[PDB]
Amino acid sequence: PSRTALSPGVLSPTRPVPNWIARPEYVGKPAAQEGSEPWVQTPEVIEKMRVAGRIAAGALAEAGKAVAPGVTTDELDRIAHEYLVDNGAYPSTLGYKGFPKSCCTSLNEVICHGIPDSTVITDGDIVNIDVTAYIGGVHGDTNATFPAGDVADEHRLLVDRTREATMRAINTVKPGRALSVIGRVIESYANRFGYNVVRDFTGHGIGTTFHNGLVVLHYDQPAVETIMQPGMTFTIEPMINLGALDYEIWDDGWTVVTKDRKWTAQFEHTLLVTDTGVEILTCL
Ligand SMILES: Fc1ccc(CSc2nnc[nH]2)cc1
Ligand SMILES: [Cl-]
Ligand code: NI
Ligand code: NI
Ligand code: NI
C-alpha cells in the first residue's frame with residue numbers, strides 16, 4: 001500500500017545567496033519581465049545556457065541522489081540551493097513571483113510547484129524535483145521524478161512511461177519539424193496506457209528569461225504553426241496523470257494537486273534545436 005493524501009508542512013527560513021551572485025530582475029518584485037523575447041538565441045547566449053543547464057543538471061542529480069524514505073522535501077531544497085550557490089548560480093525559483101524556495105518538490109498527487117517544507121518522504125512515494133539555475137544572465141531548467149524505496153507497480157510504470165514519453169518527444173526535435181509533433185508524440189504514447197496529459201501547464205521557451213513567451217504544448221494540437229529552427233531553446237516537460245485532469249491549488253497559492261488525488265509524474269529538459277537535430281542543455 002502507498003501513502004494517503006498530502007497536507008502542507010512548515011517552511012524553513014529563507015536560504016541566503018551571496019551578494020556577488022547576480023539576481024534575476026524579478027527577485028523582490030511581484031511579477032517577472034518575460035514573455036516577449038526572441039525564440040532563437042545567439043551563439044554566445046547558447047554557450048552560457050550550456051553552463052546554466054549543466055549546473056541545474058548537477059543540482060537535480062545531487063538532490064535526486066538524496067531522495068529516500070525519511071528525508072524531508074526541505075532537505076532536498078537545501079542540497080539544491082547549496083549546489084547552485086557554490087557554483088555561483090542564483091536559484092531561479094527563489095523569489096520568482098514570491099515563490100519562497102530554490103526548487104519545487106512535488107510528491108505523488110502534486111502536479112507541480114510543491115514547496116519544499118517539513119514533509120517527510122516515505123516508502124512508495126514518487127518525488128519530482130524541479131530546479132532552475134540563473135547564471136551568466138540565462139536560465140537552465142530541469143526536472144525528474146524519483147522513486148523513494150519500493151514503489152507500487154502502477155506508480156513505477158507511470159514514472160517510467162513518463163520518462164520514456166519525454167525522451168521520445170526530445171528525439172523528435174529537429175529543424176523544420178512543427179513544434180506540435182512534441183505533444184502529438186507524448187499524448188499518443190500516454191493514451192496507450194489510458195493516462196491523461198496535463199494541458200493547463202506547458203513547456204516554454206527559455207533564455208535570458210525563464211518563460212520567454214514561446215509555449216510548448218504536451219498534448220496534441222496540430223493547429224499550432226510554430227516550426228523548430230536552429231538556435232531555438234525551449235523545455236519539454238510533460239505532466240502525465242493516472243486519473244483525471246481536474247486540479248485544485250492549496251491555500252499557499254502554489255501547490256497544484258489532482259482533485260481525485262491520483263498520482264502524477266513529470267520529467268523536464270531544456271533543449272537546443274541544432275542544425276541537424278537536438279542538444280540537451282541540462283545534461284551532466
Ligand atoms: F510560477 C512558477 C513557480 C516555480 C517554477 C519552477 S517549476 C517549473 N519548471 N518549468 C515550469 N515550471 C515555475 C513557475
Ligand atoms: Cl509553470
Ligand atoms: Ni511550473
Ligand atoms: Ni522546471
Ligand atoms: Ni520548465
# chains A, B, ... in the order shown; residues from 1 in each chain; ligands from 1
$ residues_around --residues "stretch 98-105 of chain A" --least-positions-apart "2" --cutoff "9 Å" --atoms "only C-alpha atoms" --output "ChimeraX atom specification"
/A:11,14-15,27-31,73-74,76-78,80-81,84,90-96,107,110,112-117,127-132,254
$ residues_near_ligand --ligand "ligand 2" --cutoff "8 Å" --atoms "only C-alpha atoms and all ligand atoms" --output "PyMOL selection string"
chain A and resi 113+201-203
$ residues_around --residues "stretch 35-39 of chain A" --least-positions-apart "6" --cutoff "9 Å" --atoms "only C-alpha atoms" --output "VMD selection string"
chain A and resid 205 to 214 231 to 234
$ select_by_dssp --residues "stretch 5-240 of chain A" --states "helix (DSSP H, G or I)" --output "PDB file with C-alpha atoms, in the first residue's frame"
ATOM      1  CA  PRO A  43      25.715  31.522 -30.265  1.00  0.00           C
ATOM      2  CA  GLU A  44      27.003  33.468 -27.161  1.00  0.00           C
ATOM      3  CA  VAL A  45      23.693  33.060 -25.345  1.00  0.00           C
ATOM      4  CA  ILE A  46      23.670  29.302 -26.223  1.00  0.00           C
ATOM      5  CA  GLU A  47      27.163  28.836 -24.808  1.00  0.00           C
ATOM      6  CA  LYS A  48      26.048  30.445 -21.456  1.00  0.00           C
ATOM      7  CA  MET A  49      22.959  28.257 -21.415  1.00  0.00           C
ATOM      8  CA  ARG A  50      25.157  25.126 -21.687  1.00  0.00           C
ATOM      9  CA  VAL A  51      26.774  26.287 -18.392  1.00  0.00           C
ATOM     10  CA  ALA A  52      23.457  27.135 -16.687  1.00  0.00           C
ATOM     11  CA  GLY A  53      21.920  23.824 -17.938  1.00  0.00           C
ATOM     12  CA  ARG A  54      24.824  21.704 -16.634  1.00  0.00           C
ATOM     13  CA  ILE A  55      24.762  23.417 -13.206  1.00  0.00           C
ATOM     14  CA  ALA A  56      20.997  22.847 -12.968  1.00  0.00           C
ATOM     15  CA  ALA A  57      21.520  19.220 -14.013  1.00  0.00           C
ATOM     16  CA  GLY A  58      24.085  18.905 -11.199  1.00  0.00           C
ATOM     17  CA  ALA A  59      21.736  20.382  -8.631  1.00  0.00           C
ATOM     18  CA  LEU A  60      18.949  17.998  -9.725  1.00  0.00           C
ATOM     19  CA  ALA A  61      21.271  14.954  -9.642  1.00  0.00           C
ATOM     20  CA  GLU A  62      22.611  15.755  -6.146  1.00  0.00           C
ATOM     21  CA  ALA A  63      19.165  16.385  -4.752  1.00  0.00           C
ATOM     22  CA  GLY A  64      17.767  13.322  -6.582  1.00  0.00           C
ATOM     23  CA  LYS A  65      20.559  11.131  -5.098  1.00  0.00           C
ATOM     24  CA  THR A  73      11.494  17.951   0.892  1.00  0.00           C
ATOM     25  CA  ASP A  74      13.169  20.874   2.660  1.00  0.00           C
ATOM     26  CA  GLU A  75      16.366  18.711   2.927  1.00  0.00           C
ATOM     27  CA  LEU A  76      16.273  18.277  -0.913  1.00  0.00           C
ATOM     28  CA  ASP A  77      15.912  22.074  -1.253  1.00  0.00           C
ATOM     29  CA  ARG A  78      18.931  22.702   0.966  1.00  0.00           C
ATOM     30  CA  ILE A  79      21.034  20.346  -1.263  1.00  0.00           C
ATOM     31  CA  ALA A  80      19.826  22.032  -4.482  1.00  0.00           C
ATOM     32  CA  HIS A  81      20.290  25.516  -3.065  1.00  0.00           C
ATOM     33  CA  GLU A  82      23.794  24.879  -1.838  1.00  0.00           C
ATOM     34  CA  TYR A  83      24.856  23.192  -5.100  1.00  0.00           C
ATOM     35  CA  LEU A  84      23.581  26.230  -7.103  1.00  0.00           C
ATOM     36  CA  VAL A  85      25.178  28.941  -4.917  1.00  0.00           C
ATOM     37  CA  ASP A  86      28.514  27.122  -4.511  1.00  0.00           C
ATOM     38  CA  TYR A  96      10.027  34.245  -8.635  1.00  0.00           C
ATOM     39  CA  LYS A  97       6.571  35.770  -8.161  1.00  0.00           C
ATOM     40  CA  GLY A  98       7.255  35.370  -4.375  1.00  0.00           C
ATOM     41  CA  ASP A 153       3.786  -1.309  -9.917  1.00  0.00           C
ATOM     42  CA  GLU A 154       1.217   1.228 -11.234  1.00  0.00           C
ATOM     43  CA  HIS A 155       3.145   4.221  -9.895  1.00  0.00           C
ATOM     44  CA  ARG A 156       6.504   2.760 -11.050  1.00  0.00           C
ATOM     45  CA  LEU A 157       5.117   2.280 -14.573  1.00  0.00           C
ATOM     46  CA  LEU A 158       3.632   5.829 -14.560  1.00  0.00           C
ATOM     47  CA  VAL A 159       7.182   7.260 -13.796  1.00  0.00           C
ATOM     48  CA  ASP A 160       8.922   5.043 -16.341  1.00  0.00           C
ATOM     49  CA  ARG A 161       6.458   5.705 -19.133  1.00  0.00           C
ATOM     50  CA  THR A 162       6.539   9.494 -18.363  1.00  0.00           C
ATOM     51  CA  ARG A 163      10.368   9.418 -18.691  1.00  0.00           C
ATOM     52  CA  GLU A 164      10.031   7.430 -21.987  1.00  0.00           C
ATOM     53  CA  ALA A 165       7.344   9.915 -23.292  1.00  0.00           C
ATOM     54  CA  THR A 166       9.743  12.761 -22.550  1.00  0.00           C
ATOM     55  CA  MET A 167      12.695  11.083 -24.322  1.00  0.00           C
ATOM     56  CA  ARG A 168      10.540  10.165 -27.352  1.00  0.00           C
ATOM     57  CA  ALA A 169       9.478  13.893 -27.625  1.00  0.00           C
ATOM     58  CA  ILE A 170      13.089  15.086 -27.281  1.00  0.00           C
ATOM     59  CA  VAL A 181       4.860  16.968 -33.001  1.00  0.00           C
ATOM     60  CA  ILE A 182       6.122  17.011 -29.386  1.00  0.00           C
ATOM     61  CA  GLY A 183       2.545  16.979 -27.898  1.00  0.00           C
ATOM     62  CA  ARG A 184       1.382  14.519 -30.643  1.00  0.00           C
ATOM     63  CA  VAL A 185       4.130  12.031 -29.663  1.00  0.00           C
ATOM     64  CA  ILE A 186       3.576  12.493 -25.897  1.00  0.00           C
ATOM     65  CA  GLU A 187      -0.177  12.174 -25.912  1.00  0.00           C
ATOM     66  CA  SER A 188      -0.297   9.264 -28.363  1.00  0.00           C
ATOM     67  CA  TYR A 189       2.206   7.333 -26.191  1.00  0.00           C
ATOM     68  CA  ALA A 190       0.374   8.213 -22.903  1.00  0.00           C
ATOM     69  CA  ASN A 191      -3.038   7.271 -24.306  1.00  0.00           C
TER      70      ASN A 191
END
$ closest_residue --among "A:42, A:229, A:264, A:87" --to "residue A:134" --atoms "only C-alpha atoms"
A:87
$ closest_residue --among "A:40, A:121, A:271, A:21" --to "ligand 5" --atoms "only C-alpha atoms and all ligand atoms"
A:271
$ closest_atom_pairs --of "chain A" --to "ligand 5" --cutoff "8 Å" --atoms "only C-alpha atoms and all ligand atoms" --output "CSV"
residue,atom,partner,partner_atom_place_in_ligand_line,distance
A:141,CA,ligand 5,1 (Ni),5.5
A:142,CA,ligand 5,1 (Ni),6.6
A:143,CA,ligand 5,1 (Ni),7.9
A:202,CA,ligand 5,1 (Ni),7.8
A:203,CA,ligand 5,1 (Ni),5.6
A:204,CA,ligand 5,1 (Ni),6.2
A:210,CA,ligand 5,1 (Ni),7.9
A:211,CA,ligand 5,1 (Ni),7.8
A:235,CA,ligand 5,1 (Ni),5.6
A:236,CA,ligand 5,1 (Ni),7.4
A:237,CA,ligand 5,1 (Ni),6.3
A:268,CA,ligand 5,1 (Ni),6.6
A:269,CA,ligand 5,1 (Ni),7.7
A:270,CA,ligand 5,1 (Ni),7.6
$ write_last_selection --atoms "C-alpha atoms" --output "PDB file, in the first residue's frame"
ATOM      1  CA  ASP A 141      15.567  24.408 -16.213  1.00  0.00           C
ATOM      2  CA  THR A 142      15.174  20.639 -15.482  1.00  0.00           C
ATOM      3  CA  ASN A 143      13.174  18.157 -13.502  1.00  0.00           C
ATOM      4  CA  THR A 202       3.147  23.598 -20.644  1.00  0.00           C
ATOM      5  CA  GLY A 203       6.804  23.683 -21.717  1.00  0.00           C
ATOM      6  CA  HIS A 204       8.287  27.090 -22.520  1.00  0.00           C
ATOM      7  CA  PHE A 210      12.738  31.915 -17.668  1.00  0.00           C
ATOM      8  CA  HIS A 211       9.463  31.806 -19.795  1.00  0.00           C
ATOM      9  CA  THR A 235      11.747  22.906 -22.469  1.00  0.00           C
ATOM     10  CA  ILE A 236       9.852  19.678 -22.904  1.00  0.00           C
ATOM     11  CA  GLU A 237       8.252  18.867 -19.544  1.00  0.00           C
ATOM     12  CA  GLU A 268      11.898  18.105 -17.994  1.00  0.00           C
ATOM     13  CA  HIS A 269      14.934  19.142 -20.001  1.00  0.00           C
ATOM     14  CA  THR A 270      15.985  22.430 -21.623  1.00  0.00           C
TER      15      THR A 270
END
$ select_by_dssp --residues "stretch 34-212 of chain A" --states "strand (DSSP E or B)" --output "MDAnalysis selection string"
chainID A and resid 40 72 90:91 104:107 110:112 120 126:135 138:147 178 196:197 203:205
$ closest_residue --among "A:243, A:124, A:176, A:24" --to "residue A:137" --atoms "only C-alpha atoms"
A:24
$ closest_residue --among "A:228, A:244, A:217, A:89" --to "residue A:19" --atoms "only C-alpha atoms"
A:89
$ residues_around --residues "residue A:67" --least-positions-apart "4" --cutoff "7 Å" --atoms "only C-alpha atoms" --output "JSON list (two decimals) with N, CA and C atoms, in the first residue's frame"
[["chain", "number", "residue", "atom", "x", "y", "z"],
["A", 63, "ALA", "N", 20.40, 16.54, -5.53],
["A", 63, "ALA", "CA", 19.17, 16.39, -4.75],
["A", 63, "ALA", "C", 18.44, 15.05, -5.00],
["A", 71, "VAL", "N", 13.71, 11.36, 4.40],
["A", 71, "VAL", "CA", 14.31, 12.64, 4.03],
["A", 71, "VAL", "C", 13.17, 13.65, 3.80],
["A", 146, "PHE", "N", 11.58, 10.90, -8.93],
["A", 146, "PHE", "CA", 12.48, 9.87, -8.33],
["A", 146, "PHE", "C", 11.63, 9.01, -7.40],
["A", 148, "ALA", "N", 10.95, 6.67, -4.15],
["A", 148, "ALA", "CA", 11.50, 6.56, -2.78],
["A", 148, "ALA", "C", 11.20, 5.14, -2.29]]
$ decode --residues "stretch 5-43 of chain A" --atoms "N, CA and C atoms" --output "PDB file, in the first residue's frame"
ATOM      1  N   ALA A   5      -3.418  11.043   1.198  1.00  0.00           N
ATOM      2  CA  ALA A   5      -3.333  12.419   0.682  1.00  0.00           C
ATOM      3  C   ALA A   5      -2.358  13.301   1.466  1.00  0.00           C
ATOM      4  N   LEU A   6      -1.497  14.066   0.781  1.00  0.00           N
ATOM      5  CA  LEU A   6      -0.596  15.026   1.464  1.00  0.00           C
ATOM      6  C   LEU A   6      -1.308  16.232   2.035  1.00  0.00           C
ATOM      7  N   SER A   7      -0.700  16.853   3.048  1.00  0.00           N
ATOM      8  CA  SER A   7      -1.073  18.198   3.541  1.00  0.00           C
ATOM      9  C   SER A   7       0.183  19.056   3.593  1.00  0.00           C
ATOM     10  N   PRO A   8       0.063  20.397   3.540  1.00  0.00           N
ATOM     11  CA  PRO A   8       1.220  21.294   3.642  1.00  0.00           C
ATOM     12  C   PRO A   8       1.885  21.268   5.053  1.00  0.00           C
ATOM     13  N   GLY A   9       3.209  21.374   5.103  1.00  0.00           N
ATOM     14  CA  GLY A   9       4.006  21.418   6.340  1.00  0.00           C
ATOM     15  C   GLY A   9       4.512  22.823   6.529  1.00  0.00           C
ATOM     16  N   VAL A  10       5.624  23.020   7.263  1.00  0.00           N
ATOM     17  CA  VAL A  10       6.100  24.367   7.605  1.00  0.00           C
ATOM     18  C   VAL A  10       7.381  24.598   6.828  1.00  0.00           C
ATOM     19  N   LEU A  11       7.622  25.849   6.466  1.00  0.00           N
ATOM     20  CA  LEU A  11       8.816  26.162   5.689  1.00  0.00           C
ATOM     21  C   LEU A  11       9.932  26.525   6.614  1.00  0.00           C
ATOM     22  N   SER A  12      11.166  26.174   6.221  1.00  0.00           N
ATOM     23  CA  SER A  12      12.366  26.674   6.862  1.00  0.00           C
ATOM     24  C   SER A  12      12.609  28.149   6.539  1.00  0.00           C
ATOM     25  N   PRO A  13      13.481  28.805   7.293  1.00  0.00           N
ATOM     26  CA  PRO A  13      13.790  30.210   6.990  1.00  0.00           C
ATOM     27  C   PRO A  13      14.306  30.335   5.537  1.00  0.00           C
ATOM     28  N   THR A  14      14.188  31.537   4.966  1.00  0.00           N
ATOM     29  CA  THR A  14      14.732  31.780   3.581  1.00  0.00           C
ATOM     30  C   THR A  14      16.240  31.506   3.533  1.00  0.00           C
ATOM     31  N   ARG A  15      16.672  30.801   2.507  1.00  0.00           N
ATOM     32  CA  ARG A  15      18.105  30.490   2.362  1.00  0.00           C
ATOM     33  C   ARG A  15      18.812  31.664   1.668  1.00  0.00           C
ATOM     34  N   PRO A  16      19.959  32.102   2.216  1.00  0.00           N
ATOM     35  CA  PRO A  16      20.621  33.279   1.643  1.00  0.00           C
ATOM     36  C   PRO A  16      21.462  32.936   0.394  1.00  0.00           C
ATOM     37  N   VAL A  17      21.649  33.961  -0.437  1.00  0.00           N
ATOM     38  CA  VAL A  17      22.534  33.850  -1.604  1.00  0.00           C
ATOM     39  C   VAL A  17      23.635  34.951  -1.489  1.00  0.00           C
ATOM     40  N   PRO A  18      24.926  34.567  -1.618  1.00  0.00           N
ATOM     41  CA  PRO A  18      25.964  35.583  -1.530  1.00  0.00           C
ATOM     42  C   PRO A  18      25.711  36.755  -2.501  1.00  0.00           C
ATOM     43  N   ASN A  19      26.080  37.961  -2.090  1.00  0.00           N
ATOM     44  CA  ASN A  19      25.755  39.133  -2.890  1.00  0.00           C
ATOM     45  C   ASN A  19      26.397  39.231  -4.243  1.00  0.00           C
ATOM     46  N   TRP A  20      27.556  38.611  -4.386  1.00  0.00           N
ATOM     47  CA  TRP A  20      28.247  38.552  -5.701  1.00  0.00           C
ATOM     48  C   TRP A  20      27.546  37.746  -6.795  1.00  0.00           C
ATOM     49  N   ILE A  21      26.527  36.965  -6.421  1.00  0.00           N
ATOM     50  CA  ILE A  21      25.719  36.258  -7.371  1.00  0.00           C
ATOM     51  C   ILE A  21      24.606  37.161  -7.892  1.00  0.00           C
ATOM     52  N   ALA A  22      24.616  37.469  -9.211  1.00  0.00           N
ATOM     53  CA  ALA A  22      23.598  38.371  -9.786  1.00  0.00           C
ATOM     54  C   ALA A  22      22.198  37.733  -9.672  1.00  0.00           C
ATOM     55  N   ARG A  23      21.241  38.563  -9.275  1.00  0.00           N
ATOM     56  CA  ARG A  23      19.868  38.139  -9.186  1.00  0.00           C
ATOM     57  C   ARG A  23      19.168  38.307 -10.520  1.00  0.00           C
ATOM     58  N   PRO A  24      18.219  37.391 -10.825  1.00  0.00           N
ATOM     59  CA  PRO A  24      17.352  37.730 -11.972  1.00  0.00           C
ATOM     60  C   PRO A  24      16.534  38.985 -11.604  1.00  0.00           C
ATOM     61  N   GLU A  25      16.049  39.733 -12.593  1.00  0.00           N
ATOM     62  CA  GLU A  25      15.435  41.024 -12.317  1.00  0.00           C
ATOM     63  C   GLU A  25      14.204  40.964 -11.402  1.00  0.00           C
ATOM     64  N   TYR A  26      13.546  39.829 -11.406  1.00  0.00           N
ATOM     65  CA  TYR A  26      12.204  39.718 -10.818  1.00  0.00           C
ATOM     66  C   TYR A  26      12.271  39.438  -9.313  1.00  0.00           C
ATOM     67  N   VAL A  27      13.470  39.244  -8.782  1.00  0.00           N
ATOM     68  CA  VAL A  27      13.606  38.880  -7.354  1.00  0.00           C
ATOM     69  C   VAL A  27      13.240  40.191  -6.588  1.00  0.00           C
ATOM     70  N   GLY A  28      12.276  40.067  -5.710  1.00  0.00           N
ATOM     71  CA  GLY A  28      11.843  41.204  -4.875  1.00  0.00           C
ATOM     72  C   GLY A  28      10.704  42.011  -5.523  1.00  0.00           C
ATOM     73  N   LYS A  29      10.212  41.546  -6.705  1.00  0.00           N
ATOM     74  CA  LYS A  29       9.144  42.243  -7.485  1.00  0.00           C
ATOM     75  C   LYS A  29       7.903  41.343  -7.541  1.00  0.00           C
ATOM     76  N   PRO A  30       6.653  41.885  -7.743  1.00  0.00           N
ATOM     77  CA  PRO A  30       5.514  40.943  -7.730  1.00  0.00           C
ATOM     78  C   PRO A  30       5.382  40.069  -8.981  1.00  0.00           C
ATOM     79  N   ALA A  31       5.884  40.565 -10.113  1.00  0.00           N
ATOM     80  CA  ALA A  31       5.833  39.798 -11.380  1.00  0.00           C
ATOM     81  C   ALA A  31       7.215  39.763 -12.051  1.00  0.00           C
ATOM     82  N   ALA A  32       7.270  39.170 -13.234  1.00  0.00           N
ATOM     83  CA  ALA A  32       8.553  38.979 -13.949  1.00  0.00           C
ATOM     84  C   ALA A  32       8.517  39.665 -15.287  1.00  0.00           C
ATOM     85  N   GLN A  33       9.657  40.204 -15.681  1.00  0.00           N
ATOM     86  CA  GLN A  33       9.815  40.744 -17.015  1.00  0.00           C
ATOM     87  C   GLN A  33      10.201  39.670 -18.096  1.00  0.00           C
ATOM     88  N   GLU A  34       9.192  39.080 -18.699  1.00  0.00           N
ATOM     89  CA  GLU A  34       9.380  37.871 -19.580  1.00  0.00           C
ATOM     90  C   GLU A  34       8.149  37.670 -20.454  1.00  0.00           C
ATOM     91  N   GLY A  35       8.260  36.909 -21.554  1.00  0.00           N
ATOM     92  CA  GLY A  35       7.059  36.599 -22.340  1.00  0.00           C
ATOM     93  C   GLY A  35       7.060  37.325 -23.699  1.00  0.00           C
ATOM     94  N   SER A  36       8.038  38.205 -23.972  1.00  0.00           N
ATOM     95  CA  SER A  36       8.064  38.948 -25.255  1.00  0.00           C
ATOM     96  C   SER A  36       9.468  38.954 -25.901  1.00  0.00           C
ATOM     97  N   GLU A  37      10.258  37.937 -25.608  1.00  0.00           N
ATOM     98  CA  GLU A  37      11.690  37.840 -26.115  1.00  0.00           C
ATOM     99  C   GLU A  37      11.735  36.965 -27.382  1.00  0.00           C
ATOM    100  N   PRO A  38      12.781  37.161 -28.208  1.00  0.00           N
ATOM    101  CA  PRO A  38      13.004  36.297 -29.391  1.00  0.00           C
ATOM    102  C   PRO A  38      13.200  34.842 -28.997  1.00  0.00           C
ATOM    103  N   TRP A  39      12.797  33.925 -29.866  1.00  0.00           N
ATOM    104  CA  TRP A  39      12.837  32.488 -29.534  1.00  0.00           C
ATOM    105  C   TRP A  39      14.156  31.880 -29.962  1.00  0.00           C
ATOM    106  N   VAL A  40      14.796  32.431 -31.001  1.00  0.00           N
ATOM    107  CA  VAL A  40      16.106  31.910 -31.473  1.00  0.00           C
ATOM    108  C   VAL A  40      17.238  32.631 -30.736  1.00  0.00           C
ATOM    109  N   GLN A  41      18.237  31.889 -30.209  1.00  0.00           N
ATOM    110  CA  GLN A  41      19.319  32.518 -29.427  1.00  0.00           C
ATOM    111  C   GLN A  41      20.521  32.679 -30.270  1.00  0.00           C
ATOM    112  N   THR A  42      21.323  33.663 -29.898  1.00  0.00           N
ATOM    113  CA  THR A  42      22.691  33.836 -30.398  1.00  0.00           C
ATOM    114  C   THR A  42      23.639  32.770 -29.892  1.00  0.00           C
ATOM    115  N   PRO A  43      24.723  32.507 -30.644  1.00  0.00           N
ATOM    116  CA  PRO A  43      25.715  31.522 -30.265  1.00  0.00           C
ATOM    117  C   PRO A  43      26.264  31.805 -28.832  1.00  0.00           C
TER     118      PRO A  43
END
